[PDB]
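Visitor: So that you have it, the file is target.txt, and it contains compact mmCIF, C-alpha atoms:
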# COMPACT_ATOMS: atom_id res chain seq x y z
CA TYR A 754 74.57 79.49 88.20
CA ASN A 755 75.79 81.93 90.83
CA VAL A 756 79.17 83.78 90.39
CA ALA A 757 81.84 83.25 93.01
CA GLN A 758 80.79 84.06 96.65
CA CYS A 759 77.63 86.17 95.77
CA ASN A 760 74.03 85.69 94.50
CA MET A 761 75.00 87.73 91.38
CA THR A 762 74.33 85.34 88.47
CA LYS A 763 76.35 84.29 85.39
CA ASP A 764 73.79 86.19 83.24
CA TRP A 765 74.92 89.61 84.54
CA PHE A 766 78.56 88.84 85.47
CA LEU A 767 79.77 88.28 81.87
CA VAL A 768 78.26 91.60 80.71
CA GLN A 769 80.62 94.11 82.45
CA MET A 770 83.91 92.21 81.85
CA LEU A 771 83.17 92.09 78.10
CA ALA A 772 81.38 95.46 77.78
CA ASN A 773 84.54 97.51 78.37
CA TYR A 774 87.42 95.07 77.72
CA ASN A 775 88.41 92.22 75.35
CA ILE A 776 88.28 89.28 77.81
CA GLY A 777 85.40 86.79 78.29
CA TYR A 778 84.55 84.50 75.36
CA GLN A 779 88.23 83.82 74.51
CA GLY A 780 88.46 81.45 77.51
CA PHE A 781 89.05 83.04 80.92
CA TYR A 782 91.90 85.51 81.45
CA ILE A 783 92.69 87.98 84.26
CA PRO A 784 92.34 91.74 83.47
CA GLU A 785 95.46 93.79 82.65
CA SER A 786 96.86 96.38 85.11
CA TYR A 787 96.59 99.40 82.76
CA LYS A 788 92.92 98.65 81.92
CA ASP A 789 91.25 99.25 85.32
CA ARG A 790 92.57 102.83 85.70
CA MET A 791 91.12 104.04 89.04
CA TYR A 792 87.72 102.34 89.63
CA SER A 793 86.69 101.04 86.19
CA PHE A 794 85.06 97.71 87.17
CA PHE A 795 87.09 95.79 89.81
CA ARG A 796 88.99 98.45 91.85
CA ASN A 797 85.72 99.24 93.68
CA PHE A 798 84.48 95.63 93.56
CA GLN A 799 85.28 93.13 96.34
CA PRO A 800 82.51 90.56 97.14
CA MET A 801 82.08 89.55 100.82
CA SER A 802 80.03 87.31 103.18
CA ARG A 803 79.23 87.01 106.93
CA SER B 2 42.98 115.26 111.04
CA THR B 3 42.41 114.33 107.35
CA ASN B 4 44.94 112.93 104.73
CA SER B 5 42.70 111.71 101.51
CA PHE B 6 38.98 112.54 100.34
CA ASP B 7 36.46 109.69 99.72
CA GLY B 8 36.26 109.00 95.97
CA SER B 9 39.89 108.80 94.83
CA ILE B 10 40.60 108.71 91.08
CA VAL B 11 42.41 105.52 89.98
CA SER B 12 42.34 105.20 86.15
CA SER B 13 44.63 108.26 85.81
CA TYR B 14 47.98 106.44 86.25
CA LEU B 15 48.75 104.19 83.25
CA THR B 16 49.12 100.40 83.72
CA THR B 17 51.76 98.36 81.83
CA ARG B 18 53.84 95.12 81.82
CA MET B 19 54.50 93.13 84.92
CA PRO B 20 57.60 90.94 85.47
CA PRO B 21 56.18 87.54 86.79
CA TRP B 22 59.11 86.72 88.88
CA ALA B 23 58.80 85.98 92.61
CA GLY B 24 56.63 88.42 94.63
CA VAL B 25 56.27 91.48 92.06
CA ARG B 26 52.67 92.54 93.09
CA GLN B 27 51.63 92.03 96.70
CA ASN B 28 53.87 91.69 99.89
CA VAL B 29 52.78 88.10 100.15
CA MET B 30 54.33 86.15 103.02
CA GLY B 31 55.00 82.87 101.20
CA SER B 32 56.18 80.10 103.52
CA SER B 33 58.59 77.33 102.45
CA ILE B 34 59.06 73.50 102.64
CA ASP B 35 60.53 71.53 105.59
CA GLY B 36 64.02 73.11 105.65
CA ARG B 37 63.73 76.64 104.21
CA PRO B 38 62.32 79.67 106.13
CA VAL B 39 59.85 82.47 105.18
CA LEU B 40 60.66 85.76 103.40
CA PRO B 41 58.32 88.72 102.58
CA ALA B 42 58.32 90.44 99.16
CA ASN B 43 59.68 93.85 100.28
CA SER B 44 62.29 92.73 102.86
CA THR B 45 65.97 93.75 103.13
CA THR B 46 66.89 90.13 104.01
CA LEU B 47 65.96 89.17 100.41
CA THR B 48 69.06 90.90 98.95
CA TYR B 49 71.52 88.33 100.44
CA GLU B 50 72.06 84.57 100.11
CA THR B 51 69.60 83.49 102.81
CA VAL B 52 70.46 79.79 102.46
CA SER B 53 69.75 76.55 104.35
CA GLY B 54 72.40 73.86 104.61
CA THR B 55 74.74 71.87 107.05
CA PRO B 56 75.43 67.68 107.04
CA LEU B 57 78.18 67.13 109.63
CA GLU B 58 78.05 63.58 111.15
CA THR B 59 80.83 62.11 108.92
CA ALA B 60 83.42 64.73 110.01
CA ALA B 61 83.58 63.79 113.73
CA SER B 62 84.09 60.05 113.09
CA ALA B 63 86.69 60.13 110.27
CA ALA B 64 89.16 62.19 112.35
CA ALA B 65 88.87 59.83 115.37
CA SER B 66 90.78 56.87 113.78
CA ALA B 67 94.06 58.42 114.96
CA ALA B 68 93.53 57.63 118.75
CA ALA B 69 96.44 55.06 118.91
CA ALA B 70 99.97 56.41 118.40
CA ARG C 104 77.41 73.23 95.36
CA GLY C 105 77.14 71.86 98.91
CA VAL C 106 78.67 72.19 102.39
CA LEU C 107 82.14 72.17 103.99
CA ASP C 108 82.92 71.35 107.63
CA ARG C 109 85.99 73.27 108.86
CA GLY C 110 86.08 71.82 112.39
CA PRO C 111 86.76 73.26 115.90
CA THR C 112 90.29 74.37 114.88
CA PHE C 113 88.90 77.02 112.46
CA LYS C 114 90.20 80.30 113.94
CA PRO C 115 89.96 83.45 111.73
CA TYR C 116 91.55 85.62 114.49
CA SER C 117 93.62 85.63 117.70
CA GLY C 118 92.94 87.46 120.97
CA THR C 119 89.66 88.15 122.77
CA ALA C 120 86.17 89.02 121.46
CA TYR C 121 84.04 88.91 124.64
CA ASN C 122 85.01 90.89 127.78
CA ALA C 123 88.15 91.98 125.88
CA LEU C 124 88.96 95.13 127.91
CA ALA C 125 90.54 93.03 130.69
CA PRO C 126 94.02 92.64 132.27
CA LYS C 127 95.86 89.32 132.73
CA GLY C 128 93.71 87.38 135.21
CA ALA C 129 90.99 89.78 136.34
CA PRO C 130 88.61 87.45 138.19
CA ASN C 131 84.90 87.01 137.45
CA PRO C 132 82.69 86.86 140.60
CA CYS C 133 82.92 83.50 142.45
CA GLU C 134 83.25 81.94 145.93
CA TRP C 135 86.23 80.24 147.59
CA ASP C 136 85.37 77.00 149.43
CA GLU C 137 88.19 76.91 152.05
CA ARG D 554 83.02 76.16 110.61
CA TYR D 555 79.79 75.31 108.72
CA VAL D 556 79.56 77.37 105.50
CA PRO D 557 77.54 76.56 102.33
CA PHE D 558 79.47 77.51 99.16
CA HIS D 559 79.30 77.69 95.33
CA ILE D 560 83.01 78.41 94.52
CA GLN D 561 83.61 78.75 90.75
CA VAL D 562 86.71 76.78 89.64
CA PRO D 563 88.40 76.58 86.17
CA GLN D 564 91.19 74.11 85.24
CA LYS D 565 94.99 74.46 84.93
CA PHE D 566 96.63 72.28 82.25
CA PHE D 567 99.62 72.22 79.85
CA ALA D 568 97.56 71.75 76.67
CA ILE D 569 93.82 71.87 77.46
CA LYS D 570 93.78 75.51 78.60
CA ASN D 571 93.56 77.85 75.58
CA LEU D 572 92.41 75.60 72.71
CA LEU D 573 89.18 75.53 70.65
CA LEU D 574 86.33 73.00 70.88
CA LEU D 575 85.15 72.01 67.39
CA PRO D 576 81.75 70.45 66.39
CA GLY D 577 81.00 66.75 67.03
CA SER D 578 80.59 64.60 70.14
CA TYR D 579 82.66 64.73 73.36
CA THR D 580 82.81 63.10 76.82
CA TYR D 581 84.23 64.54 80.06
CA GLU D 582 85.71 62.29 82.78
CA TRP D 583 87.83 63.71 85.62
CA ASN D 584 88.64 63.23 89.33
CA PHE D 585 88.66 65.59 92.34
CA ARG D 586 90.37 65.59 95.76
CA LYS D 587 88.07 64.93 98.74
CA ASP D 588 90.48 65.19 101.71
CA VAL D 589 91.03 68.19 104.02
CA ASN D 590 94.76 67.34 104.30
CA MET D 591 95.92 67.83 100.69
CA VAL D 592 93.44 70.62 99.80
CA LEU D 593 93.82 73.19 102.61
CA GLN D 594 96.75 75.19 104.03
CA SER D 595 96.88 76.51 107.60
CA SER D 596 98.57 79.69 108.90
CA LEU D 597 99.91 77.63 111.83
CA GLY D 598 100.60 74.33 110.01
CA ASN D 599 97.61 72.44 111.44
CA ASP D 600 96.14 69.41 109.68
CA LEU D 601 92.33 69.56 109.52
CA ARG D 602 92.13 65.78 109.96
CA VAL D 603 92.40 64.51 113.59
CA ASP D 604 90.33 67.70 114.19
CA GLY D 605 86.68 66.83 113.33
CA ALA D 606 86.43 68.12 109.74
CA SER D 607 85.38 66.78 106.31
CA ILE D 608 84.27 67.97 102.84
CA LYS D 609 80.77 67.17 101.51
CA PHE D 610 79.44 67.18 97.92
CA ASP D 611 75.85 67.82 96.78
CA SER D 612 75.94 69.08 93.16
CA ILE D 613 78.58 69.75 90.47
CA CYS D 614 78.02 71.34 87.04
CA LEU D 615 80.22 71.98 83.98
CA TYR D 616 79.62 75.47 82.53
CA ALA D 617 80.91 77.26 79.41
CA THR D 618 80.74 80.83 78.05
CA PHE D 619 80.21 80.36 74.29
CA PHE D 620 80.98 82.94 71.58
CA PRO D 621 77.83 84.39 69.92
CA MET D 622 78.21 85.08 66.17
CA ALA D 623 76.59 84.55 62.74
CA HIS D 624 76.49 80.79 62.16
CA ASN D 625 78.30 80.90 58.78
CA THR D 626 81.87 81.64 59.95
CA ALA D 627 81.21 79.60 63.14
CA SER D 628 81.62 76.45 61.00
CA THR D 629 83.87 77.98 58.29
CA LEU D 630 86.76 79.03 60.60
CA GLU D 631 86.82 75.61 62.33
CA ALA D 632 86.78 73.90 58.89
CA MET D 633 90.12 75.66 58.30
CA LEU D 634 91.18 74.48 61.79
CA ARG D 635 90.30 70.89 60.76
CA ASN D 636 93.58 70.41 58.83
CA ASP D 637 96.70 68.24 59.26
CA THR D 638 99.03 71.28 59.21
CA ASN D 639 96.51 73.82 60.58
CA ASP D 640 95.94 72.51 64.12
CA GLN D 641 96.45 73.59 67.78
CA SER D 642 99.35 73.30 70.27
CA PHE D 643 100.06 74.74 73.74
CA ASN D 644 103.05 75.18 76.07
CA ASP D 645 103.47 76.21 79.72
CA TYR D 646 106.16 78.43 81.32
CA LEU D 647 107.02 75.54 83.64
CA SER D 648 107.02 72.94 80.87
CA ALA D 649 110.14 71.94 82.85
CA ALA D 650 110.53 68.44 84.33
CA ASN D 651 111.00 67.83 88.07
CA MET D 652 113.34 65.41 89.88
CA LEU D 653 113.91 64.91 93.63
Could you write out this structure as structure tokens?
Guide:
Amino acid sequence: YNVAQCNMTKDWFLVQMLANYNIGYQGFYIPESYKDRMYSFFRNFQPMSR
Amino acid sequence: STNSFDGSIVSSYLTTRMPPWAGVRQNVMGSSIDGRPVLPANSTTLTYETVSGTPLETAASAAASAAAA
Amino acid sequence: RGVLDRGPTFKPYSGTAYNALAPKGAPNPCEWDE
Amino acid sequence: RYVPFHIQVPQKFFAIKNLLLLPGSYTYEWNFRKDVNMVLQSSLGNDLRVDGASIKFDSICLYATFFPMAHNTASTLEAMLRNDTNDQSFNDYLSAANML
């Protein structure tokens, strides 16, 4: 049940993308450019591994 | 040098709910089955994906059937 | 869920990682047998 | 060269992409590529076959993020969608045909 390339689960992942913006249950869409106006959810977020 | 007096008061600080998920109470060093390693309750290695897994044997043989041009 | 073998060709960079502050053909210690 | 992974992967299709799943009973049967040649792209142009590499499978699961609502309109709105004229249809931007 882990979200892509991190131990962060599906249980928490779907909270933030739906909490602020209208994408999540309606299938799976990519966020719009105007929405993430300077570090809103994804601009700071880039998951990594070593 | 002295840090705390004999006869410390305990029942002052209020006790409540406890999340029963892995290692919430004591820094137990719980070992694992034949494959996985050991992790303590309060470690900074616990925050990552400390995972065990590699089969390889099929990869070296399947590529070798090209030998003849 | 599982594993992926990438093989010996898997190179995520070019250049030198170890003893990288070296010119072209600076010799490590060794003995000639002449 | 040895990395365990859990890569999350949705599907890309011309019709089954942005439709609605109604009540009832359904079966899922599909097929995946298991060769390093047709799946991966190199920055040099190297084929990963002839070079000691293969893909292994251990577990696959089909997930879904369902809409939570009051269970009255959950069956009412789809009962309107269960009509001969009121149905679903989808088109792609490259609905175009290819010829070589």
Visitor: Could the residues of chain A within 12 Å of chain C, counting only C-alpha atoms, be given as a CSV table (one decimal) with C-alpha atoms, in the coordinates of the input, please?
Guide:
chain,number,residue,atom,x,y,z
A,754,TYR,CA,74.6,79.5,88.2
A,755,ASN,CA,75.8,81.9,90.8
A,756,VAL,CA,79.2,83.8,90.4
A,757,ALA,CA,81.8,83.2,93.0
A,758,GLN,CA,80.8,84.1,96.6
Visitor: May I ask for the distance between atom CA of residue 57 of chain B and atom CA of residue 595 of chain D, given in Å to one decimal place?
Guide: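 Going from atom CA of residue 57 of chain B over to atom CA of residue 595 of chain D, I get 21.0 Å.
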Visitor: What lies within 10 Å of segment 770-773 of chain A using all atoms listed in the file, ignoring chain neighbours under 5 positions off, as a PyMOL selection string?
Guide: chain A and resi 765+778+784+788-789+793-795
Visitor: Determine, counting all atoms listed in the file, every residue of protein, DNA or RNA that lies within 12 Å of (96.5, 69.4, 110.4) in the file coordinates, then give the result as an MDAnalysis selection string.
Guide: (chainID B and resid 64) or (chainID C and resid 109:113) or (chainID D and resid 588:606)
Visitor: Counting only C-alpha atoms, which of D:582, D:609, D:561, D:574 gets nearest to chain C?
Guide: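 Nearest to chain C: D:609.
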Visitor: Show me a table, sorted first by chain and then by increasing residue number, of the residues of chain B having an atom at most 9 Å from chain A, each with its shortest atom pair and the distance in Å to one decimal, counting only C-alpha atoms and written as a Markdown table.
Guide:
| residue | atom | partner | partner_atom | distance |
| --- | --- | --- | --- | --- |
| B:48 | CA | A:760 | CA | 8.5 |
| B:49 | CA | A:760 | CA | 7.0 |
| B:50 | CA | A:760 | CA | 6.1 |
Visitor: Taking 6 positions as the minimum chain separation for residues in the same chain, which residues sit within 8 Å of segment 20-33 of chain B when counting only C-alpha atoms? Answer as a list in words.
Guide: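 Surrounding residues, per the criterion: residues 39, 40, 41, 42 and 43 of chain B.
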Visitor: Could you work out how far atom CA of residue 764 of chain A lies from atom CA of residue 624 of chain D, giving the answer in Å with one decimal?
Guide: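 Value for the atom CA of residue 624 of chain D-atom CA of residue 764 of chain A distance: 21.9 Å.
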Visitor: Would you compute, for all listed atoms of segment 37-47 of chain B, the axis-aligned bounding box grown by 4 Å on each side, and then report its centre and edge lengths in Å rounded to one decimal, as AutoDock Vina command-line options?
Guide:
--center_x 62.6 --center_y 85.2 --center_z 102.6 --size_x 16.6 --size_y 25.2 --size_z 15.0
Visitor: Between atom CA of residue 576 of chain D and atom CA of residue 766 of chain A, what is the distance, to one decimal in Å?
Guide: 26.7 Å
Visitor: Skip residue 555 of chain D itself and residues of its chain fewer than 4 positions away, then list as a CSV table (one decimal) with C-alpha atoms, in the coordinates of the input all residues within 7 Å of it, counting only C-alpha atoms.
Guide:
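After the write, part_4.csv holds the following:
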chain,number,residue,atom,x,y,z
B,55,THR,CA,74.7,71.9,107.0
C,107,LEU,CA,82.1,72.2,104.0
C,108,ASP,CA,82.9,71.4,107.6
C,109,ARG,CA,86.0,73.3,108.9
Visitor: For segment 629-643 of chain D, which lacks atoms in the input, supply N, CA and C atoms and format the output as a JSON list (two decimals), in the coordinates of the input.
Guide:
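The resulting part-v9.json:
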[["chain", "number", "residue", "atom", "x", "y", "z"],
["D", 629, "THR", "N", 82.86, 77.73, 59.33],
["D", 629, "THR", "CA", 83.87, 77.98, 58.29],
["D", 629, "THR", "C", 85.29, 78.05, 58.87],
["D", 630, "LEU", "N", 85.45, 78.83, 59.95],
["D", 630, "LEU", "CA", 86.76, 79.03, 60.60],
["D", 630, "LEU", "C", 87.33, 77.76, 61.24],
["D", 631, "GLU", "N", 86.44, 76.91, 61.77],
["D", 631, "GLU", "CA", 86.82, 75.61, 62.33],
["D", 631, "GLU", "C", 87.10, 74.55, 61.25],
["D", 632, "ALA", "N", 86.51, 74.74, 60.07],
["D", 632, "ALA", "CA", 86.78, 73.90, 58.89],
["D", 632, "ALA", "C", 88.17, 74.16, 58.31],
["D", 633, "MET", "N", 88.72, 75.33, 58.61],
["D", 633, "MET", "CA", 90.12, 75.66, 58.30],
["D", 633, "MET", "C", 91.01, 75.08, 59.40],
["D", 634, "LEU", "N", 90.51, 75.10, 60.64],
["D", 634, "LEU", "CA", 91.18, 74.48, 61.79],
["D", 634, "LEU", "C", 91.16, 72.95, 61.78],
["D", 635, "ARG", "N", 90.34, 72.35, 60.91],
["D", 635, "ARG", "CA", 90.30, 70.89, 60.76],
["D", 635, "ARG", "C", 91.27, 70.39, 59.66],
["D", 636, "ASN", "N", 92.53, 70.80, 59.77],
["D", 636, "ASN", "CA", 93.58, 70.41, 58.83],
["D", 636, "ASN", "C", 94.75, 69.71, 59.54],
["D", 637, "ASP", "N", 95.53, 68.96, 58.76],
["D", 637, "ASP", "CA", 96.70, 68.24, 59.26],
["D", 637, "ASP", "C", 97.84, 69.17, 59.68],
["D", 638, "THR", "N", 98.02, 70.26, 58.92],
["D", 638, "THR", "CA", 99.03, 71.28, 59.21],
["D", 638, "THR", "C", 98.47, 72.43, 60.05],
["D", 639, "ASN", "N", 97.22, 72.80, 59.79],
["D", 639, "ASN", "CA", 96.51, 73.82, 60.58],
["D", 639, "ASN", "C", 95.78, 73.15, 61.75],
["D", 640, "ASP", "N", 96.46, 73.10, 62.89],
["D", 640, "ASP", "CA", 95.94, 72.51, 64.12],
["D", 640, "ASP", "C", 96.20, 73.43, 65.33],
["D", 641, "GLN", "N", 96.19, 72.85, 66.54],
["D", 641, "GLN", "CA", 96.45, 73.59, 67.78],
["D", 641, "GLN", "C", 97.53, 72.92, 68.63],
["D", 642, "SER", "N", 98.30, 73.75, 69.34],
["D", 642, "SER", "CA", 99.35, 73.30, 70.27],
["D", 642, "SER", "C", 99.59, 74.34, 71.36],
["D", 643, "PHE", "N", 99.86, 73.86, 72.58],
["D", 643, "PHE", "CA", 100.06, 74.74, 73.74],
["D", 643, "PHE", "C", 101.25, 74.34, 74.61]]
